[PDB]
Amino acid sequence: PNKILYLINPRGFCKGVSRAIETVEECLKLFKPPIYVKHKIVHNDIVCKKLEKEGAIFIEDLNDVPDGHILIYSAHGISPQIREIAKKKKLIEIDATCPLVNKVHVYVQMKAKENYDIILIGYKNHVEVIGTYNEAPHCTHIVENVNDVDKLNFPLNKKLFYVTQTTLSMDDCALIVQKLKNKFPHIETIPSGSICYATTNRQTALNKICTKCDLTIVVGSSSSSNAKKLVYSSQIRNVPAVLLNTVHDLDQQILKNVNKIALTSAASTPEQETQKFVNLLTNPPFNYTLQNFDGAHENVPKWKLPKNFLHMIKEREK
């Protein structure tokens, strides 16, 4: 019948990711490779491999970093402890933590100083969650599921504040929050919430269109949580979905009998990888008719690069 490819917007790079990439690229222009980055700068192998070629090196052990040298913190943020270590080595700290991850770090410190205990909804082994946790480790409690909620116990007078990983499924998050609120009715949180505009926007747009479709293709890396949550958002809405890093990974057999495809991409996914899908699917032998699907207009934040890094740039151009 009628074959259609719904190319969805918004999709692809968020501002935290573009800022983080530009931060690394701009360091490489100024200072001589190698440029050391703590953890993968964003969770996309294609982006990271390109930077490795250009002279970046992603490390987990700060001893792999020469004293006095540049170290960049990834978009996902970092534990405070890592920082004090950096200063001991007199490193040039260049912090590309996403402002909306920093937002969570900041509320956590602020509420802990007000003697709240903090509930952190997110996945225990995600670098973002670990980094946020370590801002107030002795008064924070991570929950990744509703079992963890049942286990929480606090005196009745104890003030509680919850916060979340920025890239959760809005559906799962709401589930856990609802259970949290049942148990702790007076629990407080960030008014604007912790789940970022990019996560909300990409899931919201996909959710609106996926139910007209037979298959959802999400372009992105399996190491990316928000990519995985896009796939999940489609599945719990009963439309099969797959996460693919690149067109080469597409098993073209799964397109047999699918006439309508919802196509989107994660916040860490380069637009070129998504275009290769559009090119493959809208041309022979597949001939899906291309249509755009627009969720609400996304307002792209006007974040600048890290200020100390900008100061450097200003100098050198003298």
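When you see a residue number, it is the position in the sequence shown, counting from 1.
Taking only CA atoms, the mean B-factor in the PDB entry is higher for 113-121 than for the other of 113-121 and 236-244. The stretch with the higher mean CA B factor, choosing between 281-289 and 49-57, is 49-57. Taking only the listed residues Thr189, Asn157, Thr166, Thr204, the entry reports the highest CA temperature factor at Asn157. Within the selection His138, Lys208, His76, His105, the deposited Cα B-factor values reach their highest point at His138. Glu271 sits in the lowest third of its chain by CA B factor, as recorded in the PDB entry. Among the modelled residues of its chain, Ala296 has a C-alpha B-factor that falls in the highest third, as given in the PDB entry. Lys87 sits in the highest third of its chain by CA B factor, as recorded in the PDB entry. Sort the chain's modelled residues by C-alpha temperature factor and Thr264 lands in the lowest third, per the entry. Annotation for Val24: CA B-factor lies in the middle third of the chain's modelled residues.
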